[PDB]
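The form solved without this ligand is given below as one chain in structure tokens.
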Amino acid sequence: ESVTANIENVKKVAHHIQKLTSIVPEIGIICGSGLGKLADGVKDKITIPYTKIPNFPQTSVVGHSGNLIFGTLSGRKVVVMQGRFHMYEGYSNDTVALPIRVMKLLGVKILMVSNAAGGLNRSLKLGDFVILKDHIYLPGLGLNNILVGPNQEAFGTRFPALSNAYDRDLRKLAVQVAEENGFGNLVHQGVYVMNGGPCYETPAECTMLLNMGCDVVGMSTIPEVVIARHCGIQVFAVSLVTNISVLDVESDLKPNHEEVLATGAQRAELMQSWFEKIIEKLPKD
């Protein structure tokens, strides 16, 4: 399961990073679908490959290590995670949790995250942005919650509440920014349900999930959100609707992931702009 995400190990990693950069991040960004360009446009960037950080978890896109990117975005100090640890890859709870807990010790106060999701809600269109206002953590309700195991008291409490998990003030700001900039029609809010994956959802599964009250379904994000809330980081999360879920078996349409990647690539410019304009107006500073 790699190194335990305890205070000792997390501090060690944080200190290693702090020798490599003088940027003290206020906002952490986990790049998902549509955020590829935002990562590139970080100003005065310093790129730290995961390979160069002892005990930091290792992931690659066909050979190329992920990176931590420090710098600024709209005048605000950020750290960007370029490369994530999805549970369908077989990563441990400790692997997924360590980077978020490292962000806490580095100074991160807000986490912004995107992902690719299937649209269950029948009003959604391809390319829509669905701000998460709540979630259903199917793995968590089973016995695959990321927090299962000894609680690391240094970071949070044994039984965390998830009441305002998707900060209502950050959601209101994100909607306002979209509306002010002429793409409010693309922005929805909804409930995201996690399918552990990596299979796309069958029509019967989608029909069930829609009837549970779910608006979008995806295979990521909730584990990161749980760790973030556990250690008191405010969360803003957006699903890009990269496929419209098929609810009937009598239908030749299907999710193919390349069209999922195409939707991400085509909405990247707008999602970058949105996130930059949100960051510009975030409170505290």
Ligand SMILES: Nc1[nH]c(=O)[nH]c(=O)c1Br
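Each residue number is its position in the shown sequence, starting from 1.
The discussion below concerns the form deposited with this ligand bound, not included here.
> Going by heavy atoms within 4.5 Å, which of 122 to 130, 104 to 112, 198 to 206, 170 to 178 lines up against this ligand in the deposited bound form?
The contacting stretch here is 198 to 206.
> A5, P57 and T95 - do all three of these have some heavy atom no more than 4.5 Å from this ligand in the deposited bound form?
Looking in the deposited bound form, the three residues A5, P57 and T95 all stay beyond 4.5 Å of this ligand (heavy atoms).
> Spell out, yes or no, whether the shortest heavy atom distance between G118 and this ligand in the deposited bound form is within 4.5 Å.
Looking in the deposited bound form, residue contacts with this ligand include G118, since a heavy atom lies within 4.5 Å.
> Wondering, does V225 line up within 4.5 Å of this ligand in the deposited bound form on heavy atoms?
The answer is no: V225 has no heavy atom within 4.5 Å of this ligand.
> Within a 4.5 Å heavy atom cut-off, is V260 in contact with this ligand in the deposited bound form?
Yes.
> In the deposited bound form, does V217 come within 4.5 Å of this ligand, counting heavy atoms only?
Yes, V217 sits close enough to this ligand in the deposited bound form that at least one of its heavy atoms falls within 4.5 Å.
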